[PDB]
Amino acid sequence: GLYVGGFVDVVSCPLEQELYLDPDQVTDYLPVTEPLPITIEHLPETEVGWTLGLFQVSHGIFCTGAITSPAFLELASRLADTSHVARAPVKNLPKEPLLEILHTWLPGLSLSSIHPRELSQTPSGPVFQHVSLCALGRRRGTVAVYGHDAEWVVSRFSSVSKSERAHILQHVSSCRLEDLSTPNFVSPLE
């Protein structure tokens, strides 16, 4: 059970190729402490985990999540330890290969929102749908950090204050990971 943390691009996932929202268009609807699915590249069949919180902080919208899919963790761990392809774009001989592989191959966190037309009015249903781990499409700076404890993960971001991290982590620790439903990811290898 891994944690992920980082700053999100907020996107609408539209006939358009892409719409990147300014964070101030959605901050009225934060924080979100109920679990949203975490998927790969906005694919609904690639659920790998669950969000733990979405928070407005000074330097953007920060996401903390849990990567919990057994099939995904088993596959990513095996590739990290045995695949020269997965290791090719990472530094030689990392101490924590799984964490480095995810940091390199899935560096972008994106938060799916409804369209701004509804955000300015009064939305009827949920404003956010999922967070995705992304290999393309990154607009803002910083990248995702993966690690085995949420404190370490969030403390890697210098732009998150001591008090911001404490607010973020206040909720993260209150979440019990094993009682999260199993995400739907299946290994491509079958």
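Only the largest set of C-alpha atoms that superpose within 1.5 Å between the two forms is called the rigid core. One rule holds for the numbers: they count along the sequence shown, beginning at 1.
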{"item": "Rigid core superposition result in 6 other deposited structures of this protein, more deviant of 123-131, 141-149 by Cα", "value": "141-149"}
{"item": "Unmodelled deposited residues flanked by residue 14 on one side and residue 15 on the other", "value": "1 to 3"}
{"item": "Which of 110-118 and 77-85 has higher mean CA B factor, as the PDB entry lists it", "value": "110-118"}
{"item": "130-138 set against 146-154, stretch whose average Cα temperature factor tops the other in the entry", "value": "146-154"}
{"item": "Top Cα B factor in the deposited entry, candidates 68, 159, 46, 51", "value": "159"}
{"item": "CA B-factor ranking of residue 9, expressed as a third of its chain", "value": "lowest"}
{"item": "Residue 102, C-alpha B-factor rank within chain (lowest, middle or highest third)", "value": "lowest"}
{"item": "Modelled-residue ranking by C-alpha temperature factor, third containing residue 26", "value": "middle"}
{"item": "Residue 36 - Cα temperature factor, lowest/middle/highest third of chain", "value": "lowest"}
